[PDB]
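Asker: A single structure is presented below for examination.
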Amino acid sequence: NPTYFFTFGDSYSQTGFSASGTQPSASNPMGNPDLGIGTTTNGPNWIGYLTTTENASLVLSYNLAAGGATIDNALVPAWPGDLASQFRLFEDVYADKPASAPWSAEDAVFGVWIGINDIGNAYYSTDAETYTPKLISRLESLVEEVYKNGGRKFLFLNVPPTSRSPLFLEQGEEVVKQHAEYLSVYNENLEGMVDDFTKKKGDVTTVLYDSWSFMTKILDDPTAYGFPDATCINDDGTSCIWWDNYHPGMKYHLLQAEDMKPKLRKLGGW
């Protein structure tokens, strides 16, 4: 009775999983690479922890997230491996439920964490109120592809406060503020779209996980979580919130996965 956990996103979710590498199994739930390799955390990331540490039963991880990903390069462009290309990889390899991943509506969970790069690249050049609906609508159309395949259980993570990463802190408080206000508009429209999708379909189980509030709680009170402050960087992934100037370390990812676990019980694997 395994849970097929297909995930899509950017460097906050990447592990380097290859559709031609070793495929997930009960003895090897991540498939490839080894758990703790290929992330921006110095160890497991939130998907690795959800799959092998927080899991209540067998979870199989097919992690198609790629670093540098925007939603669709026709909107905010960045790297070739945008969300659209990840969904296309899924359609190419796993949508038809091959023997390597014979998933069904009852045992497949589709997790999406996107938006960090779209916002990071367009927060000063676009109008949030009129532009973020275009990004969110494109995201919904991509989701509709999986729905047409038969997917019925979805997990969406809203965008965390990358406004307060050292990378953006260095640019000045007014830049932090402009970025954060754009981001908040994006997260509101993401919540609206998840609510509408859930209600219009009627046969889906959805979770919108508020990563923004959780990370913000840590950034506001880092010593309560064992961090010395909210700004230091350490590539050991544990001594500081930040693994580099733009990504949190394995300890943050484990804290987030633990925070997520109870909210994911309705999705089947936790």
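So you can find residues: chains in the structure tokens are A, B, ... in the order shown, residues in each start at 1, and ligands are numbered from 1 in order.
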Contacts between segment 16-39 of chain A and segment 91-198 of chain A, please, where a residue of segment 91-198 of chain A counts if it comes within 12 Å (with only C-alpha atoms); show its shortest atom pair and distance in Å to one decimal, rows by chain and ascending number, as a tab-separated table.

Answerer:
```
residue	atom	partner	partner_atom	distance
A:91	CA	A:19	CA	11.8
A:92	CA	A:19	CA	9.9
A:93	CA	A:19	CA	7.4
A:94	CA	A:19	CA	9.2
A:98	CA	A:23	CA	11.8
A:99	CA	A:23	CA	10.9
A:100	CA	A:23	CA	7.2
A:101	CA	A:24	CA	8.3
A:102	CA	A:24	CA	11.7
```

Asker: Can you check which residues of segment 64-174 of chain A DSSP gives as strand (DSSP E) on the backbone and send them as a ChimeraX atom specification?

Answerer: /A:108-113,153-157

Asker: With only C-alpha atoms as the atoms that count, which of A:156, A:212, A:182, A:49 lies nearest to residue 270 of chain A?

Answerer: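 Comparing A:156, A:212, A:182, A:49 against residue 270 of chain A, the winner is A:49.
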
Asker: In Å, how far is it from atom CA of residue 254 of chain A to atom CA of residue 52 of chain A?

Answerer: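 Computed distance, atom CA of residue 254 of chain A to atom CA of residue 52 of chain A, equals 11.2 Å.
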
Asker: Please produce, as JSON lines, a per-residue contact table for segment 9-82 of chain A versus segment 262-267 of chain A (criterion: any atom at most 10 Å away, only C-alpha atoms considered), showing the nearest atom pair and its distance in Å to one decimal, sorted by chain then residue number.

Answerer:
```
{"residue": "A:50", "atom": "CA", "partner": "A:264", "partner_atom": "CA", "distance": 9.6}
{"residue": "A:54", "atom": "CA", "partner": "A:262", "partner_atom": "CA", "distance": 9.5}
{"residue": "A:55", "atom": "CA", "partner": "A:265", "partner_atom": "CA", "distance": 9.6}
{"residue": "A:56", "atom": "CA", "partner": "A:265", "partner_atom": "CA", "distance": 8.6}
```

Asker: Could I get the residues of segment 88-168 of chain A with an atom no further than 12 Å from an atom of segment 183-189 of chain A, each paired with its nearest atom pair and that distance in Å to one decimal, using only C-alpha atoms, sorted by chain and residue number, as a Markdown table?

Answerer:
```
| residue | atom | partner | partner_atom | distance |
| --- | --- | --- | --- | --- |
| A:113 | CA | A:187 | CA | 11.6 |
| A:114 | CA | A:187 | CA | 10.7 |
| A:115 | CA | A:186 | CA | 8.2 |
| A:116 | CA | A:183 | CA | 8.6 |
| A:117 | CA | A:183 | CA | 10.8 |
| A:118 | CA | A:183 | CA | 9.7 |
| A:119 | CA | A:183 | CA | 6.4 |
| A:120 | CA | A:183 | CA | 8.7 |
| A:121 | CA | A:183 | CA | 11.3 |
| A:122 | CA | A:183 | CA | 10.2 |
| A:123 | CA | A:183 | CA | 7.7 |
| A:124 | CA | A:183 | CA | 11.1 |
| A:126 | CA | A:186 | CA | 11.9 |
| A:127 | CA | A:185 | CA | 10.1 |
| A:128 | CA | A:185 | CA | 6.4 |
| A:129 | CA | A:185 | CA | 6.7 |
| A:130 | CA | A:185 | CA | 10.0 |
| A:131 | CA | A:186 | CA | 9.0 |
| A:132 | CA | A:186 | CA | 5.6 |
| A:133 | CA | A:189 | CA | 6.6 |
| A:134 | CA | A:189 | CA | 10.0 |
| A:135 | CA | A:186 | CA | 8.7 |
| A:136 | CA | A:189 | CA | 6.9 |
| A:137 | CA | A:189 | CA | 9.5 |
| A:139 | CA | A:189 | CA | 11.2 |
| A:140 | CA | A:189 | CA | 11.3 |
| A:156 | CA | A:187 | CA | 10.7 |
| A:157 | CA | A:187 | CA | 9.4 |
| A:158 | CA | A:187 | CA | 5.9 |
| A:159 | CA | A:187 | CA | 6.5 |
| A:160 | CA | A:183 | CA | 8.7 |
| A:161 | CA | A:183 | CA | 8.1 |
| A:162 | CA | A:183 | CA | 9.0 |
| A:163 | CA | A:183 | CA | 8.4 |
| A:164 | CA | A:183 | CA | 11.7 |
```

Asker: Find, counting only C-alpha atoms, the residue in A:167, A:190, A:175, A:207 that gets nearest to residue 242 of chain A.

Answerer: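 Closest to residue 242 of chain A of all the choices is A:167.
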
Asker: Residues of segment 181-234 of chain A in alpha helix (DSSP H) according to DSSP, as a PyMOL selection string?

Answerer: chain A and resi 181-201+211-220

Asker: If you keep N, CA and C atoms, can you produce a file of those selected residues as a compact mmCIF listing (two decimals), in the first residue's frame?

Answerer:
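Below you can see again_16.txt, which holds the result:
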```
# COMPACT_ATOMS: atom_id res chain seq x y z
N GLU A 181 6.15 42.57 0.08
CA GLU A 181 4.78 42.96 -0.25
C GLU A 181 4.30 42.26 -1.52
N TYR A 182 5.17 42.19 -2.54
CA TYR A 182 4.84 41.42 -3.73
C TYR A 182 4.58 39.96 -3.37
N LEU A 183 5.45 39.38 -2.54
CA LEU A 183 5.32 37.99 -2.13
C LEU A 183 3.99 37.74 -1.44
N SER A 184 3.59 38.64 -0.54
CA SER A 184 2.34 38.43 0.19
C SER A 184 1.15 38.43 -0.77
N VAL A 185 1.18 39.31 -1.78
CA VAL A 185 0.12 39.26 -2.80
C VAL A 185 0.11 37.91 -3.52
N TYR A 186 1.29 37.41 -3.88
CA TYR A 186 1.37 36.11 -4.54
C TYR A 186 0.77 35.01 -3.67
N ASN A 187 1.12 34.99 -2.39
CA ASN A 187 0.66 33.92 -1.51
C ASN A 187 -0.85 33.98 -1.30
N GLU A 188 -1.41 35.20 -1.23
CA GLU A 188 -2.86 35.33 -1.16
C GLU A 188 -3.53 34.75 -2.40
N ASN A 189 -2.99 35.04 -3.59
CA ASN A 189 -3.62 34.51 -4.80
C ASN A 189 -3.44 33.00 -4.92
N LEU A 190 -2.31 32.48 -4.43
CA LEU A 190 -2.13 31.03 -4.38
C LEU A 190 -3.17 30.38 -3.48
N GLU A 191 -3.42 30.96 -2.31
CA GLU A 191 -4.44 30.40 -1.43
C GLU A 191 -5.82 30.45 -2.08
N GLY A 192 -6.15 31.57 -2.72
CA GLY A 192 -7.43 31.65 -3.41
C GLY A 192 -7.58 30.59 -4.48
N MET A 193 -6.51 30.35 -5.25
CA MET A 193 -6.60 29.37 -6.32
C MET A 193 -6.73 27.96 -5.76
N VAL A 194 -5.99 27.64 -4.69
CA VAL A 194 -6.11 26.31 -4.11
C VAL A 194 -7.53 26.09 -3.59
N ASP A 195 -8.10 27.11 -2.93
CA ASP A 195 -9.48 27.01 -2.45
C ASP A 195 -10.45 26.78 -3.61
N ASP A 196 -10.34 27.57 -4.67
CA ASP A 196 -11.27 27.46 -5.82
C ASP A 196 -11.13 26.08 -6.49
N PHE A 197 -9.91 25.64 -6.75
CA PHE A 197 -9.67 24.30 -7.36
C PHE A 197 -10.35 23.24 -6.50
N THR A 198 -10.03 23.25 -5.20
CA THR A 198 -10.60 22.25 -4.32
C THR A 198 -12.13 22.25 -4.39
N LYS A 199 -12.74 23.44 -4.40
CA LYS A 199 -14.20 23.51 -4.38
C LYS A 199 -14.80 23.13 -5.73
N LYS A 200 -14.20 23.60 -6.81
CA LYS A 200 -14.76 23.33 -8.16
C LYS A 200 -14.64 21.83 -8.51
N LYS A 201 -13.51 21.19 -8.17
CA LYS A 201 -13.37 19.78 -8.52
C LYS A 201 -14.28 18.91 -7.67
N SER A 211 4.25 27.65 4.80
CA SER A 211 5.68 27.71 5.11
C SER A 211 6.11 29.13 5.48
N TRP A 212 5.43 30.14 4.94
CA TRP A 212 5.79 31.52 5.24
C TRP A 212 5.70 31.81 6.73
N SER A 213 4.55 31.49 7.34
CA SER A 213 4.38 31.74 8.78
C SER A 213 5.35 30.92 9.62
N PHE A 214 5.59 29.66 9.25
CA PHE A 214 6.49 28.83 10.05
C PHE A 214 7.91 29.39 10.04
N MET A 215 8.46 29.60 8.84
CA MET A 215 9.80 30.17 8.77
C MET A 215 9.85 31.54 9.45
N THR A 216 8.80 32.35 9.29
CA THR A 216 8.81 33.67 9.91
C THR A 216 8.86 33.56 11.43
N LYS A 217 8.11 32.61 11.99
CA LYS A 217 8.19 32.36 13.42
C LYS A 217 9.61 32.05 13.85
N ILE A 218 10.33 31.24 13.06
CA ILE A 218 11.71 30.94 13.43
C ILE A 218 12.59 32.19 13.31
N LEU A 219 12.45 32.92 12.20
CA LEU A 219 13.28 34.10 11.98
C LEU A 219 13.06 35.16 13.05
N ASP A 220 11.84 35.26 13.57
CA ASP A 220 11.52 36.21 14.63
C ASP A 220 12.05 35.78 15.99
```
